[PDB]
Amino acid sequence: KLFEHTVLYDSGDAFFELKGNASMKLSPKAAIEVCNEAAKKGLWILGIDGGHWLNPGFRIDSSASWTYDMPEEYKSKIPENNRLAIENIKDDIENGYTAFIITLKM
């Protein structure tokens, strides 16, 4: 990997610059940034895994796993995919989750 598993990245830019798809640990702030950049890039968000950052260490919680399979005609639905993804992250924050891993269709 081009990034460190021992680091909780706080900027969405790191996700793209360091190729963190489906693997990089993101702070809540960074997770939202990645979702917004995904939309701007025309990328569908397939899933978001929520968990806790243990300073250091990521512990995934399967009950926080959000999944949205991409339909055939998906481009016009990206805005909704984005909205639901961000709503999901905000709901996880309300539930005490402190880190996320995002999977985009790339």
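Position 1 is the first residue in the sequence shown; the rest follow in order.
- When the C-alpha B-factors of 74 to 82 and 23 to 31 are averaged, 74 to 82 comes out higher.
- Comparing 5 to 13 with 86 to 94, the higher mean C-alpha B-factor in the PDB entry belongs to 5 to 13.
- Looking at the C-alpha B-factors along this chain, the one for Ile45 belongs to the lowest third.
- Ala64: CA B factor in the lowest third of modelled residues in this chain (values from the PDB entry).
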